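First, one chain by itself in structure tokens, the form deposited in one PDB entry.
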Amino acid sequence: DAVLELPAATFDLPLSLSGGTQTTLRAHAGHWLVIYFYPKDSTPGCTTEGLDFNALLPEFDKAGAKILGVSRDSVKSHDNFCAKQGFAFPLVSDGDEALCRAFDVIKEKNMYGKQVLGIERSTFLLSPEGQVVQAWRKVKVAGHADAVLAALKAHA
């Protein structure tokens, strides 16, 4: 029932959050976790995605689930982004791309005559026992948070 196996060490990686604290995936044991990776703070698309998740947060709560957004922007950038948009969930500053690589969301594109890496917008649903049970890759923003919520309700 796992669609992705993560390195065991992934669950103990210290994840720097907006607000200056740290978490790990293991610390979320016991409830559902949505982890949504996005390429960059404060862009039109990535802002829309975060606001879409933020608007549905009471429905996610009803399943006791929690949301984490992830990019490689700094904690300061995340703090600004969260404050300006009013997000009520944390953002991981995955500055070294450790979590991104664990979930295999760093993808290469041959453009400008060279190989360019970047975060591919992707989302994962992690069970209360830490299994990755559903994955969405190369995500288009429109309708995405709704679809993730629907899938959560179906799994939970």
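The term rigid core refers to the maximal set of C-alpha atoms that superpose within 1.5 Å between the two forms. Position 1 is the first residue in the sequence shown; the rest follow in order.
May I ask you to compare 62-70 and 90-98 by their mean CA B factor in the entry and name the higher one? Between 62-70 and 90-98, it is 62-70.
Mean CA temperature factor from the deposited coordinates, higher in 38-46 or in 112-120? Here the higher of the two C-alpha B-factor means belongs to 112-120.
Which of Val105, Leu51, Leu126, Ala29 ranks first by CA B-factor in the deposited coordinates: Across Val105, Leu51, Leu126, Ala29, the entry lists the biggest C-alpha B-factor for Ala29.
Rank-wise, by C-alpha B-factor, drop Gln134 into the lowest, middle or highest third of its chain. It belongs to the lowest third of the chain when residues are ordered by C-alpha B-factor.
Should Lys84 be placed in the lowest, middle or highest third of its chain by the C-alpha B factor in the entry? Ranked within chain, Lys84 CA B lands in the highest tercile.
Can you tell me which third, lowest, middle or highest, the CA B-factor of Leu15 falls into for its chain? Lowest third of the chain for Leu15's C-alpha B-factor.
Where does the C-alpha B-factor of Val141 rank in its chain, lowest, middle or highest third? CA B-factor rank for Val141: middle third.
Relative to the other modelled residues of the same chain, rank the CA B-factor of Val148 and answer lowest, middle or highest third. Its C-alpha B-factor, which the entry lists for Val148, ranks in the lowest third among residues of this chain.
The same protein also has a form deposited in another entry, omitted here; what follows describes it.
To test your reading of the superposition: with the rigid core aligned, which of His31, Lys62, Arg101, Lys109 moves its Cα by 2 angstroms or more between the shown form and the other one? So the only displaced C-alpha belongs to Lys109.
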